[PDB]
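Below is one structure, written out as structure tokens; comments come after it.
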Amino acid sequence: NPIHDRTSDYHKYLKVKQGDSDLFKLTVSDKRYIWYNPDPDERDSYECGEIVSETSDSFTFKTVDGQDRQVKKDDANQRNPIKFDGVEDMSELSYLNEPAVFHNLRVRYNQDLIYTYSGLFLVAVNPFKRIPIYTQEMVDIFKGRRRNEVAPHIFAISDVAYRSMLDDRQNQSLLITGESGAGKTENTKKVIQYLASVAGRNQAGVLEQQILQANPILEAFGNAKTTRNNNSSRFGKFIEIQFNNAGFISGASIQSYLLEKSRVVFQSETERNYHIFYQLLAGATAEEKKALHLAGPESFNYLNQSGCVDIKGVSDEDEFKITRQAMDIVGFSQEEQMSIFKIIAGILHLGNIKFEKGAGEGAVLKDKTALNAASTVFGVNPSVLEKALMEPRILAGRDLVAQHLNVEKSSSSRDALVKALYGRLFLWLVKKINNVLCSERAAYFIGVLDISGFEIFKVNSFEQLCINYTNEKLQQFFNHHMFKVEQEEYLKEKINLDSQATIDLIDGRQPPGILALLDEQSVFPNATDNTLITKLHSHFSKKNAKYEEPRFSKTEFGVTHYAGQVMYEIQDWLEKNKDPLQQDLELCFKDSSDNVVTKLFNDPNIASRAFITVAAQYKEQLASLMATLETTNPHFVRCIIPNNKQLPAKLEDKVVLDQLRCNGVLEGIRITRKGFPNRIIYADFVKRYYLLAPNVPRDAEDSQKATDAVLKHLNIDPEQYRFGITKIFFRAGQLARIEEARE
Ligand SMILES: Nc1ncnc2c1ncn2[C@@H]1O[C@H](COP(=O)(O)OP(=O)(O)O)[C@@H](O)[C@H]1O
Ligand code: BEF
Ligand SMILES: [Mg+2]
């Protein structure tokens, strides 16, 4: 058993190394320590101070410098006894303070132990290097083991979910959140690999392969290199792994949320557009290139503006293969693939269209190359296109009259088109995939959510509000859930909100919240950004406690979110909400000779939102998501980024701690710390502590009687612990004191 074979890779890579002895006296120490901030300005920066003396109410310790200081006992951040460094669950910690928590994570990370539990959560810190803990051999060790039986791992929470499903006949969910680059998508892919393996029907299976090939397809079209991650997911996703009554994988379905369409037409410096563009340019066959009027990235406006066309240690040509191979496995025909390619190319050509003026104020196409290129690949009438771009007919109530747009408006229109095409294509892909894997008649499911946690940038826009509104809801669900689950534990053992207000501000109908007001402004063609922001301040400024009207800025507003205050900039919200496309453009494309192209514009499912705004739509998708989640038994994973530099072996204190504060980890410890944080199995207590009392023997039947014995020996406050049917519950700091007692 690799599990009890101290020489196995399991032991080397997932466990804290065990020596020849386990004796209590090993860890004996005379010193006591306290975590302190050497600079009170740097609050997340701590050092360990050794305690020297104590008054009845305060502690006096020695700094690193050799300097002496004092602290109130009630404010002190005591350091846990060394026996606690590296524990697998932060819940076993006696002193539960911020520096203590950070420290356990750190001790673990130093030994490359990236996974740690924190009560209900599985905390996962990005290693930024490969650790061989995801092999088939690793998968087989985790099959059927209880949480406590094995080391923390994504595979373990995945197995727990699976056993619960079979045993309770209840659907399950895994929520994996955290910042960009924290490791969400990596862990998500591990869940799927694990499941496909433990629940798949292979004697060597097709379904299983298809399911596995699904994400690569989506990552090509929805991931991009950003400054925070070379493989950023520019969309949220919910994966439902479907099973039959017997527990075998039977299908799957995918839901996507919020694709960043704007990146297709603009990228920040150093970033890239979606991977596919590069993959196509790099691996199209010489025949494909000519058929697509293809060239180099440098030759395309949508690709030559960031200053970055490739990713280090990444071959777009080689990635292309992988992409195409997945499409093949999944079921896309050569034609369908072909058409996808034409679309991707066409978008590139549209991007090179240059509008010039002079005539007057109207726009003109002196050059017509690119137009022709795109026309061709799209299978549409170039002249129609031209006209639909520069001379859209607009409805003036009675009159349907074609407007002659200036270059700007003409450009912006082409851009809206590109965005419409890309976004529709992505939905088509997802629907396609779902058509192949989705089983109408599934018995049970395990759903995995891979989405960002709270987003707080310099500039926060409409997209960030959507994300933060999602996180307010997820966080609330977490809080409801932990509440029940702690309450249930106390019961089994026989021992003795703010969220809503922010949510209401956002999505309330009466009084109307932010989204309602935005939607209302959305029916007025002539409404502007000022109109809208004036309306928000009118309703909430000095009127809603979660809102803040800035002292000087006239284009922003603040929302107090769970993770802190966020300032939103209103620019372009109206447009974003309406996501407008000229009808003459829709007409142009409706007539495509291309089979997929046509679908993008003729299937209400892909072409239309429902008249629904973008906010309203989102609101609805969130509500269905939440509804499903509410029917599952949830599992929470929090992915943590170690630093903002993408480096291994560099766990930065402030970076980490900020994260732990935003994602709810610290609050749960806070909550937990309040009651009886430590809950030890009677038998286990005795094993270690029998020596402390001139009475008890390590091995006993009446473990409780034993436990009581020691407690009594040491003369411990009956308020410091509660007797449970199986566990002895301990208040914060108590266990540390015991550990601190002499043999
Ligand atoms: N457990 C891990 N082992 C190895 N590399 C990882 C791990 N977690 C994340 N990474 C790395 O960090 C990069 C960012 O991870 P990713 O899953 O894409 O983050 P997220 O989806 O949270 O934005 C990955 O492309 C990979 O290099
Ligand atoms: F960049 Be990660 F996908 F949030
Ligand atoms: Mg991702």
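If you read the sequence from its start, that first residue is 1, and numbering goes on from there. Atoms considered below: every heavy atom in the structure, side chains included; atoms not considered: hydrogens, waters and symmetry mates. In listed order, ligands and their atoms are each counted from 1.
- Taking 2.8 Å as the criterion, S233 counts as a coordinating residue of the Mg ion (ligand 3), since one of its N, O or S atoms falls below it.
- Counting only non-hydrogen atoms, the option in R130, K184, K189, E186 that gets closest to atom 22 (O) of ligand 1 is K184.
- For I254 against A214, the heavy-atom pair with the smallest separation is CD1-CB, 4.3 Å.
- Ion pairing of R661 with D658 is present here, as a side-chain N (NZ or NE/NH1/NH2) and a carboxylate O approach within less than 4.0 Å.
- Under 4.0 Å is where a charged nitrogen must lie from a carboxylate oxygen, and between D450 and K237 at least one such pair does.
- Using a non-hydrogen distance threshold of 4.0 Å, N229 registers as a contact of ligand 1.
- Geometrically, ligand 1 and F128 share no nitrogen or oxygen pair separated by less than 3.5 Å.
- The main-chain N or O of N223 is never found under 3.5 Å from a side-chain atom of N231 such that the two would form a donor-acceptor pair.
- With a heavy-atom cut-off of 4.0 Å, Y134 touches ligand 1 through its side chain alone.
- The aromatic rings of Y115 and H153 sit tilted relative to each other, their planes meeting at an angle between 30° and 60°.
- Between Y618 and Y257, the ring planes are perpendicular. Angles over 60° get that label, and only those under 30° would be called parallel.
- Near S180, the atoms of ligand 2 lying under 4.0 angstrom from a non-hydrogen atom of the residue are 1 (F), 2 (Be), 4 (F).
- Each of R130, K17, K129 was evaluated against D112; a single residue qualifies, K129, per the salt bridge (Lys or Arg N to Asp or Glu O under 4.0 Å) test.
- Ligand 1 has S180 within reach: a non-hydrogen atom of the residue lies less than 4.0 Å from it.
- Distance from atom 6 (C) of ligand 1 to its nearest protein heavy atom, with residue and atom name: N126 OD1, 3.4 Å.
- The two residues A326 and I217 make their nearest non-hydrogen contact at CB-CG1, 3.7 Å.
- Counting atoms of ligand 2 from 1 in the listed order, those under 4.0 Å from a heavy atom of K184 are 2 (Be), 4 (F).
- When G236, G181, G453 are ranked by how near their heavy atoms come to atom 2 (Be) of ligand 2, first place goes to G181.
- Distances from ligand 1 to the non-hydrogen atoms of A182 include at least one value under 4.0 Å.
- Applying the 6.0 Å contact sphere to CD of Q325 captures no more than 12 heavy atoms from other residues, nucleotides or ligands.
- In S452, neither the side chain nor the backbone holds a heavy atom less than 4.0 Å from any atom of ligand 2.
- In this structure, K190 contributes its side chain and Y134 its backbone to no donor-acceptor pair below 3.5 Å.
- Nearest protein heavy-atom contact of atom 3 (F) of ligand 2 is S233 N, 2.9 Å.
- For the pair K129 and ligand 1, a heavy-atom separation below 4.0 Å is found.
- In terms of polar-atom proximity, defined here as any N/O pair under 3.5 Å, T185 does make such a contact with ligand 1.
- For the pair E179 and ligand 1, a heavy-atom separation below 4.0 Å is found.
- Among protein heavy atoms, the minimum distance from atom 19 (O) of ligand 1 is reached at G183 N, 3.1 Å.
- For atom 23 (O) of ligand 1, the nearest protein heavy atom (residue, atom name, distance) is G181 N, 2.7 Å.
- At a cut-off of 2.8 Å, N229 does not coordinate the Mg ion (ligand 3) through any N, O or S atom.
- Counting heavy atoms under 4.0 Å from ligand 1, residue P127 touches it through the side chain alone.
- Side chain of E472 to main chain of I506: no donor-acceptor pair is present (N/O by atom type, distance under 3.5 Å, no hydrogens or angles).
- With hydrogens and angles left out, the side-chain atoms of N633 and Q172 include a donor and acceptor closer than 3.5 Å.
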